[PDB]
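In: Here is the sequence, then the experimental structure:
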Amino acid sequence: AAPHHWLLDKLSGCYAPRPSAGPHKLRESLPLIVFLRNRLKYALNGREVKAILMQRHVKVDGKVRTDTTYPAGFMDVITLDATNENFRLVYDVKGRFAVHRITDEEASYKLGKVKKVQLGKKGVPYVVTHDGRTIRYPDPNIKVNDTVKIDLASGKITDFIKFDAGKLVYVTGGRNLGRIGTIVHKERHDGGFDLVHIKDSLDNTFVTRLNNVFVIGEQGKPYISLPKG
Amino acid sequence: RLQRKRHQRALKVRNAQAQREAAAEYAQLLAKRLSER
Amino acid sequence: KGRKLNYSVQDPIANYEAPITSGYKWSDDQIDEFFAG
Amino acid sequence: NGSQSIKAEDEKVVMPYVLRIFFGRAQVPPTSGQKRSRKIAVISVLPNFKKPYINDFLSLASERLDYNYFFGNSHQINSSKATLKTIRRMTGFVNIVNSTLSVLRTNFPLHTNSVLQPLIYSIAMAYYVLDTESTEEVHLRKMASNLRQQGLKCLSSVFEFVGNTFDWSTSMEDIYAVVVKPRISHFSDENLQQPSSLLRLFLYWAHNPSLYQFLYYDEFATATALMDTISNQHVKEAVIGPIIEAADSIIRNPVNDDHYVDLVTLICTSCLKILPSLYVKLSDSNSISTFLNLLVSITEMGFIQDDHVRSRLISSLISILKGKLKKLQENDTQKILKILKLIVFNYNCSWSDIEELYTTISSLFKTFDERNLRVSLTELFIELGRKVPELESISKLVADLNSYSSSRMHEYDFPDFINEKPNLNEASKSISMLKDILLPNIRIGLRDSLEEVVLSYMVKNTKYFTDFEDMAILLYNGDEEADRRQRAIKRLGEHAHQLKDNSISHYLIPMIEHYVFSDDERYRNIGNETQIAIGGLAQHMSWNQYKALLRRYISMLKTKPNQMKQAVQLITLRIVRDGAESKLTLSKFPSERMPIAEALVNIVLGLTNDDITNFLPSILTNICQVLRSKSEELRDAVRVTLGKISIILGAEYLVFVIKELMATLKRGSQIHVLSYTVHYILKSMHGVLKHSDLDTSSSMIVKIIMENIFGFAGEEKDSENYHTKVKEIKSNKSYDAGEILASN
Amino acid sequence: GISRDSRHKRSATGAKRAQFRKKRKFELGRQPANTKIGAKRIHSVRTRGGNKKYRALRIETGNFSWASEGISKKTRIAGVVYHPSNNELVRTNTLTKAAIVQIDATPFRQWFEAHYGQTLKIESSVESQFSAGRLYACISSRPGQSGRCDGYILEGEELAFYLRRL
Amino acid sequence: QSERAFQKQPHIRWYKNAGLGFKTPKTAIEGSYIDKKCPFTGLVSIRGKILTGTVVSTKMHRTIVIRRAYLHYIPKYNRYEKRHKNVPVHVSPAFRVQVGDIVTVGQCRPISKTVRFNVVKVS
Amino acid sequence: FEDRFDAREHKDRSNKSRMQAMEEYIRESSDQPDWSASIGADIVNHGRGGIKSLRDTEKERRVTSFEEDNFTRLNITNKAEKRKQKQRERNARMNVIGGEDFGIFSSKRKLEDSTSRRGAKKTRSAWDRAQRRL
RNA sequence: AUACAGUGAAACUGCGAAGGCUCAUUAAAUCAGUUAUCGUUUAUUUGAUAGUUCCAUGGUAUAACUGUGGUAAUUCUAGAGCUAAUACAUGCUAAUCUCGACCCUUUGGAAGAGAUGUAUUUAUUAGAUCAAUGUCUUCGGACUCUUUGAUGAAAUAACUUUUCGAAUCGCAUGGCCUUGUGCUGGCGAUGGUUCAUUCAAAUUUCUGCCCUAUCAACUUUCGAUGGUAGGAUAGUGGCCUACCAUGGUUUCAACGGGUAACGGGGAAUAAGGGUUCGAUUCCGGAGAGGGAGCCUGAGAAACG
């Protein structure tokens, strides 16, 4: 009854935890019970993960948010107070949620793909992201599928990454879900299979969608740290 | 009752002096972005 | 003129009521000598 | 209750004028004090009593806005209003500086002035109260210090009151009593005037007519003072000319020239300002510019000068004769200005203008030959009128040629100033040649021949109406001139005008070839005409996207040859914009409605890219951007880009064939594209039949040979189950033929 | 009303054997409330959470808009003479959207005499109604959904556009 | 160009642009045609996907019946049986489409029972 | 057409082709030892069951690893145990003789069809087989 | 503890039950994925988000409760008397925002003019230019056609029986001397209008394994096919009605024929040898005695 992304062992139970509503969707997130209890194993059961949630160790996106099924989606920096645990969780190359450990100056921010820019009411420019941070007043040159950098103390955009040909992009969606390498090709079609294409070890080619891909930095310099093997 | 009449009015004028000033305080940042653009 | 004036026979109204034999209390000769003019 | 009282105001008109005046009289009887305040001023006032007075002014505003025609006005309401306004002024200017109740009574006073201006906004030419001077003296003694108070972009309490008092018939009695226009003119002649200065100027311009139609000699002297203000405000309508509301200036200047002639220096200043009205902004319309030039002529008919304004009016006619706008109405006003400018040059100008502008007759061609046989020594307005006739005004073709030749004869008989006049002739002929004209382009070519008075035969054979042997001799003359920035730009402009999208004629390839040959012969002049070659390539690059891209693609490819010769000569420049234009060509490559032109554009970018080390870093990616549209399953576009790639291989050297083959094999890689894209290198190896007996690594091409003849391709071609692939003649017995004179 | 579904009817291919389903809640067709003239009564019906819907049946105070200046002012209703979305609808004299209904134009007289002074540049076949009182005006607002009667006056082009019709 | 009642007019001559690589002809920017559901002036907005094919019939007005044959790699009887599709489409003031005439359409806002596509191109 | 996220094609299967004869040959030619138990420790119910098979001790090692790894005893879940424990022990006493399962020799399942005779490196060209050798 | 003070039958309250059996046989229309909704609803999740004030606190009317009773009798009752609210419903409320004539030079703004919302439903329109590294240098400038960038192709005239501008709490005596609660004065949770997200639903693009031409015509016989307008809608929609046109699908398989459609379709887990046994979601839709009509809710044609 589980998805593939959670890295959930089959010998666990019968009812799978539906995440509650929140920032991200159901299909692109993992809740805190499947995060803490059975992935990096700070708990043994739902009772004691509710106990540490009542103790309020979790500090995801700089706020506490004491809830069992809180849908932590892409790169919400899970922060735990004891042993200064800073966790940025991204996608691995085979579809799961690889939770990388980072440090404090990297967990002081996150980034987010812009979805739409609106002239909503009363002359106010407007920007949303995958956690829905409706932050005030970016520059006019925010296209769709660019990348804002959230402040995580206040909410303001601090840095901006422009989407164009020659940018380091992350793909979350479809049969390319979780690949990095961002350059063999660029092809913007007019309604589907439109993208920037991603290399491999032998620099192979790949096809995805615009909304299923979003930028993380430059060719060699992302200010996100990434795990390795 | 009257102490609540003190605190209600004080929190109301403080809410005004926070919100209605902060709104123009980021509208001026929009003005800086528009001047630089 | 599709649904307009279907000259068909319909099921529940075919015996919805029943007639009467004498009907008018007048005679038909009383009709003729009633509105000859 | 504000919405309820607004409903009561929206339904507070249903009763008659008697009941409306009765309700207004009851509203007046709240805190009038006519026993105490109808003499001079009030007895006492309070904060809450002024709040009843501020509410009374607000109720007066609401009543006037509801009944905004009649309003039920009464002298009791007028006295209550004057008492409230005087009490507001008295309380505001007599209370101490604590500013709370003072700003309350000040926003009571501005709202009461707004309600007072609403009464004249509603019932202006209805009452016209004969006891106006009571309220007039009250408001004057209140607002004496409002001298420059109403000078802003939005200050419209007393400025709107002054405009209302000035825009009436007999309510200007309080204006012409002592002063309205004095304080209005003080704030008008204030130097920090915002765009209400034009409103005040239009109000005084409309209000001078009531002061002129007034029989009173005081108002006659006030109209004289309004004309004196029009003469003393000679900087306001100059500095405030930021919009297209110059019709107010043209309506005052015609009114001033028709009204008052008071000084010869004033008439010279008016003529110089109306000369700046045509030499300040190019967005002046026809009627406004005609009335401005007619007002300059009307000031010149009274009190013009003999040398300075003579030359100023001559420059005005020298601009207006090159204009001649609005179906000879501006030409008739220019002839009147030339006949009023009062000089010997102006006398010859009026003669030679009236002898040609005689209502569509043969006197134009008569007068051209007349002044040719009797050539005048003024020659400035003569060259203007004979260059407007040499432009696209159909008649006087041979007369235009004779006029240009006679101007050249005078410029040679001078032997300095008339050579600078020939510089203006060349700067006019340049914009004439870069145009869509037919007769005037030939007249500009005749002027080029007269300035050239081998080269003269070349010019007369370019203007020979033959165009086949003529264009062949033009190409041979370009070859002789190859074996000049503006001059070659003008020659190439005339050639591009004779071959400017005229696709109902043949030899357009040789015409664009002659254009590119003259561009190359100008680009060889690197010390002078490198900038002109860059500008010509830039204009051709703009034409490569501006709605037509067939011959402009070959123009781009053949203007790349100047870059190729320059890079071969260099063996410092600006690589940045060249690389950005290469990116723009790569974006035009991904267009395919422009596939063949885009393949030639890729060839053009590769011909231009011959830098020091950037031709190593980008040529493989350029070959990738070329072949990515031909490995794209197209029966004709693959062949056209194969022709472009064979031209690219013939252009590039043997050091680039390795990068070309590697990029082609890295772009086309899939099975059943490996059996079709051998035609690429089949064409390319024969395109490079002119390389020496050193070669590339050739492991790539022997890999191509082995995969296309051995194993699966052997099974595929030696089976009998494939429909049709016309690029498979087995195609592979050619690469060793390419390589035997190069590699082994 | 009944329904909103394609299941009861045939598509662009001509299919049969429907016998589909018990109709759901979200195929809700309410009764057609033909709005008339009367005393102002609006039924406040519920849908989709607290989505109150104003179903007007007997509305009078039409806010009709002077066109050339855009002055939406308050008036009464007389009757619709032409509306061939149902040619019996004008026989029964209801009041729906896009109908051409007659108005006693006395507040428009008041506004003209109030912001122009004199009484009567405007077209002659509407100057006749400026004199008489009843002018033609077409309803914009939806009394069956928003519960209101707003509209726009007929001024010249749109006037003759309807007068040549009927 | 007015054969029906009820103020045949644009609904706020009027002109807009959907963008995204589809031209608006000059009569459809400034012309007497109403453009009620033609997407260049229109009331509809563009979205979705864009399909291309030739036509079969254009008999009724505001009905463009496209045909659409396309390749599909059949593995069952290992031969390609040829595709055919149909879609009705509203008119545009740019081309009286006759038989043949490969044209393309964009998905928007169901107009009749079966049309979500309106013509944006002719070539 | 378009892509659709398929965990059944980027999921580690590795069991359609795991044949015990190939795995036994790999254990023979492995040249690294095999982690066998101290010899009495792997018989089960005083000999009432078998010894235990190699797959059963692999599965037991996995269960005890998961067991210690997240501190939870597994259970007596009725449907899964009535399937798997009873069917497993009955085919164990059928086919496992002395710690060795001989069930495979009584089973039709082609070796070379699924688990040998490579499908990706099929080398359907003379040139591709020539380059695969050299 | 003489206006409250702990146990607490029976009453109001917050929520609980938050998803269970049988019966007649639907061929991508039941289903699964997918495209979209600037074509739409949304409780809860999450991020954001309020400026109109004339000559010390507002009203009776009902419970529970007592008391008198009826009836064989109910979570059936009726009179009479009181009594409370975050129940009902009328109503008490400092002055700050820009342009800046003037500046006295830094402690710089005094005068004047223009201000000030939401929720509902109506119309006009804001939504072609200037800056250089260069055309000619006459080492000055009219500069955009060239060489590159930029503002850029909700402001207002009205309705509506209009919602509001905190009768919520916690942590912190803290600062001031207006000579007494005179101003309290710092922050955080709950409010509170609106937007977006999330959740879910409805439509909608396309794709997906029986044999079928002895099913070759169907569709206008629940509008057939489309156009225009209205109604109803959560909105798109012949979804329904007026008018108009005679369309539309099909041999490139329309439309129609049945079951090992108690079986099948990935609907899914796969198992270290069982090769169509071997994990499951769903057979189709209904039904709460029988059809019909109505009501409630973020969600329903309700297992209550």
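Out: Okay, I see it. Residues are numbered from 1 along each chain as shown, chains lettered A, B, ... in the order given.
In: Show me the strands in chain A, by range?
Out: A:78-80, A:85-91, A:97-101, A:110-113, A:126-127, A:135-136, A:147-150, A:157-161, A:168-171, A:179-180, A:185-187, A:195-197, A:213-217 (DSSP state E).
In: Go through the ones you listed and name the closest to residue A:19.
Out: strand A:97-101 (12.5 Å; C-beta to C-beta). C-betas here are computed from N, CA, C, even on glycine.
In: how big is the angle separating that closest one from strand A:85-91?
Out: Angle between the axes of strand A:97-101 and strand A:85-91 is 150 degrees (criterion: axes from the mean of the first three to the mean of the last three C-alpha atoms, to 10 degrees).
In: Wondering if strand A:97-101 reaches chain G at all.
Out: No: for strand A:97-101 and chain G, the contact criterion (C-beta under 8 Å from any C-beta of the partner chain) is not met; the two come no nearer than 13.7 Å.
In: so which strand or helix has residue D:620?
Out: helix D:619-627 (DSSP states H and E).
In: which ones are touching the residue nearest to residue A:176 when sequence neighbours are not counted?
Out: Nearest-residue entry for residue A:176: residue A:208, 4.5 Å, with adjacent residues in sequence omitted and distances by C-beta to C-beta, 6 or more residues apart in numbering or on different chains. Residues near residue A:208 by C-beta atoms under 8 Å, 6 or more residues apart in numbering or on different chains: A:171, A:173, A:174, A:175, A:176, A:193, A:195, A:198, G:3.
In: Among those, name the buried ones.
Out: A:171, A:173, A:174, A:175, A:176, A:195, A:198, G:3 (16 or more other C-beta atoms under 10 Å in any protein chain shown).
In: Tally up the residues packed near whatever residue of chain E ends up closest to RNA strand H, please.
Out: Proximity of chain E to RNA strand H (C-beta to the nearest atom of the strand) peaks at residue E:144, 2.0 Å away. Using other C-beta atoms under 10 Å in any protein chain shown as the criterion, residue E:144 is surrounded by 19 other residues.
In: next one: residue A:20
Out: Neighbourhood size, residue A:20 [other C-beta under 10 Å]: 12.
In: Residue A:33 is in contact with that one, correct?
Out: No: counting by C-beta atoms under 8 Å, residue A:20 stays clear of residue A:33, with 10.6 Å between them.
In: what's the overlap in contacts for those two?
Out: Joint contacts of residue A:20 and residue A:33 (C-beta under 8 Å, 6+ apart) are residue A:69.
In: Where does residue E:52 sit, in terms of helix or strand?
Out: Element membership for residue E:52 (DSSP H and E) is strand E:51-56.
In: For chain D, tell me whether whichever helix or strand comes after that strand is touching it.
Out: Using DSSP H and E, the helix or strand that directly follows strand E:51-56 along the chain is strand E:62-66. No: if you take C-beta under 8 Å from any C-beta as the test, strand E:62-66 misses chain D, and the best it gets is 12.0 Å.
In: can you tell if strand E:62-66 touches chain F?
Out: No: for strand E:62-66, no contact with chain F is found by C-beta under 8 Å from any C-beta; the gap never falls below 13.5 Å.
In: Parallel or antiparallel, which strands does the following helix or strand past that strand pair with?
Out: Later in the chain than strand E:62-66, the nearest helix or strand by DSSP H and E is strand E:71-75. Applying DSSP bridges to the sheet, strand E:71-75 is found paired with strand E:62-66 (antiparallel).
In: Show me where chain E has its strands.
Out: So, for chain E - with DSSP E - the strands run E:42-47, E:51-56, E:62-66, E:71-75, E:100-104, E:134-139, E:150-153.
In: Make CSV from those strands and add mean neighbour count to it.
Out: Listed next are the strands of chain E as CSV, based on neighbours: other C-beta atoms under 10 Å in any protein chain shown:
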stretch, mean neighbour count
strand E:42-47, 12
strand E:51-56, 15
strand E:62-66, 20
strand E:71-75, 16
strand E:100-104, 21
strand E:134-139, 21
strand E:150-153, 20
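In: who wins for proximity to residue D:269 among these?
Out: strand E:71-75 (48.5 Å).
In: how far is the closest one from where the chain is centred?
Out: Distance of strand E:71-75 from its chain centroid, counting by C-alpha atoms, centre = their mean, to the nearest Å, is 15 Å.
In: which residues touch stretch A:177-197?
Out: Contacts of stretch A:177-197 (C-beta under 8 Å, 6+ apart): A:90-95, A:165-172, A:198-200, A:203-210, A:212-213, A:219, A:226, F:20-21, F:48-50, G:2, G:5.
In: mind saving the C-alpha coords of that stretch as CSV?
Out: The C-alpha trace of stretch A:177-197 is given here as CSV (Å, rounded to 0.1, in the frame of the first residue of the first chain):
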residue,chain,number,x,y,z
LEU,A,177,13.0,11.2,-11.8
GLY,A,178,16.2,12.2,-9.9
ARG,A,179,18.9,12.7,-12.5
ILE,A,180,21.7,15.4,-12.6
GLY,A,181,24.0,16.5,-15.5
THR,A,182,21.7,19.0,-17.3
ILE,A,183,23.6,19.4,-20.6
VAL,A,184,23.4,17.4,-23.8
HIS,A,185,20.7,19.4,-25.4
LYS,A,186,17.9,22.0,-25.1
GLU,A,187,14.5,21.5,-26.8
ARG,A,188,11.5,23.6,-26.0
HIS,A,189,8.5,22.1,-27.9
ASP,A,190,5.0,23.7,-27.8
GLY,A,191,3.1,21.6,-25.3
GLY,A,192,4.9,18.4,-24.3
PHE,A,193,8.3,16.7,-24.2
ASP,A,194,9.8,20.1,-23.7
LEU,A,195,12.9,20.4,-21.5
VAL,A,196,16.7,20.7,-21.1
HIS,A,197,18.3,17.3,-21.5
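In: Just the buried residues of it, please?
Out: Neighbour-count burial for stretch A:177-197 [16+ other C-beta under 10 Å]: A:177-185, A:194-197.
In: Stretch A:151-161 too?
Out: A:151, A:152, A:156, A:157, A:161.
In: do the same with stretch E:95-114
Out: Buried-residue list, stretch E:95-114, by 16+ other C-beta under 10 Å: E:95-97, E:99-105, E:107-108, E:110-114.
In: isn't residue D:727 right up against residue D:676?
Out: Yes: counting by C-beta under 8 Å, residue D:727 does reach residue D:676; the two are 5.6 Å apart.
In: Contact partners for residue 35?
Out: I went with chain A, as the question did not name one. A:72, A:78, A:99.
In: JSON lines for those residues, including neighbour count?
Out: JSON lines is the format used below for those (neighbours: other C-beta under 10 Å):
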{"residue": "A:72", "neighbour count": "27"}
{"residue": "A:78", "neighbour count": "20"}
{"residue": "A:99", "neighbour count": "18"}
